[PDB]
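Listed next as structure tokens is one chain, alone, in the form solved without the named molecule.
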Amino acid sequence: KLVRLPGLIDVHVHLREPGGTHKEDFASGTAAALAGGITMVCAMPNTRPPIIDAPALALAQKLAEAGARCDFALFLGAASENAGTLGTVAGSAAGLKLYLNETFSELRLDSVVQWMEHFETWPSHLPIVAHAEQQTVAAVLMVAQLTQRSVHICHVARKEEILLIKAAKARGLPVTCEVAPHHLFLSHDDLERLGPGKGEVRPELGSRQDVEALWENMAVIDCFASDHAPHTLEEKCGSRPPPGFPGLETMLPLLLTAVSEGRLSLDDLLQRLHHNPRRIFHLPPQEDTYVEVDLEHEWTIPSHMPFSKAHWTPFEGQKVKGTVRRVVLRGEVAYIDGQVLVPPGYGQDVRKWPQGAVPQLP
């Protein structure tokens, strides 16, 4: 007895191409997406070169069109130099990404004034998402209000953050957010097992009280999104571990387990992995696209999932119930029981579809 789900959308993935293709590329990362029941991904701009200008976006578009196996949109990244220069290409992107905490030299912003400049110059009808932790959530919300527009908060990871967003929504402010599976299914209690290298992630793993607060405030969470952030095991366990977890292949099984346990409903899941991603990012439908899952199959997550080049997972050893059996993408069988059946290049840039443009006033 399989359950048919719509094509699920992950609005936060790092596919590492260009420039980091030993960690992941479009072909491997979108294989991982399909195996996770995800038929559309929005890829972040912190590649090498970073997607911070029209030439880099043009390159990334061709790499994605040639390598992706599922459909996609590409984010642009905000830099210290590019505010006011992205207007001609802005509508071709998923949205604009602001990295407001750590970051590489090219996506680093050193002043809130630079944030304001981006909010003032990026077209007001197009999405803006932010990596904004702790007080940075409040700070970017202030910039959004000063510029009288919306903002979407990436990977909310803490009680403090979800409660701040809840208070802002109670005041009618235009803010949405997403939560990643590691902030719902891992905590400080897992750091001994993971160790300090594997355990490195931003936002960091929270306390049990953080995790419980996210679940209790499910109504405040608009989307789930993986923050799939692959790095090899050698990198994670070496002298300067980079932050991030792979997550495309584990997200849906973890969440289906929670549905099976009554922690959220199937509808709650589908709002957060399909309907709300569509409406916040104005992402188009995918014709003849669906995912068949077996909700009864119990399995234990292994030391690596089959497709991501990360070749490791922080969820190793967790018992899950639910698995992706088949994915159909735009009328073609894309995945069956561990086999990807669409080639690199099958996927398309949804922003080029007539229905994938973000509506705007003339």
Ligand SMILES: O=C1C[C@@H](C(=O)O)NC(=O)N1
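A residue's number is simply how far along the shown sequence it sits, counting from 1.
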(Q) When the Cα temperature factors in the entry are averaged, is it 269-277 or 288-296 that ends up higher? (A) 288-296
Q: Take the C-alpha B-factors listed in the entry for 314-322 and for 32-40, compute each mean, and give the stretch with the larger one.
A: 314-322
Q) Taking the Cα B-factors listed in the entry, which of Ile9, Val350, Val340, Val13 comes out highest? A) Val340
Q: Just grab whichever of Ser226, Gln134, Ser150, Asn101 has the top CA B-factor as deposited.
A: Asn101
Q | Third assignment of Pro45 from its chain's C-alpha B-factors | A | lowest
Q.
Going by the CA temperature factor in the PDB record, which third of the chain does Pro123 belong to: lowest, middle or highest?
A. middle
Q.
Ranking the modelled residues of this chain by C-alpha B-factor as given in the entry, is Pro241 in the lowest, middle or highest third?
A. highest
(Q) Using the temperature factors of the C-alpha atoms in this entry, rank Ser80 within its chain: lowest, middle or highest third. (A) highest
Q: Using the B-factors in the PDB entry, rank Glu235's C-alpha atom against the chain and give the third, lowest, middle or highest.
A: middle
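The protein also exists as the form solved in complex with the named molecule; that form is not presented, and the subsequent description refers to it.
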Q.
With a cut-off of 4.5 Å between heavy atoms, is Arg149 one of the residues that contacts the named molecule in the deposited complex?
A. no
Q: Examine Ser28 and determine whether its closest non-hydrogen atom to the named molecule in the deposited complex is within 4.5 angstroms.
A: no
Q) Is there any non-hydrogen atom of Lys166 lying within 4.5 Å of the named molecule in the deposited complex? A) no
**Q.** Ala258 within 4.5 Å of the named molecule in the deposited complex, heavy atoms
**A.** no
Q: Just give me the single entry in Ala229, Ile153, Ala73, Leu184 that has a non-hydrogen atom within 4.5 angstroms of the named molecule in the deposited complex.
A: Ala229
Q: Go through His118, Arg158, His274, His131 and name the one with a heavy atom inside 4.5 Å of the named molecule in the deposited complex.
A: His131
Q.
Based on heavy atom distances of 4.5 Å or less, which listed stretch (138-146, 284-292, 120-128, 195-203) is in contact with the named molecule in the deposited complex?
A. 195-203
Q.
If you apply a 4.5 angstroms heavy atom cut-off, which residues in 1-33 are near the named molecule in the deposited complex?
A. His14, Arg16
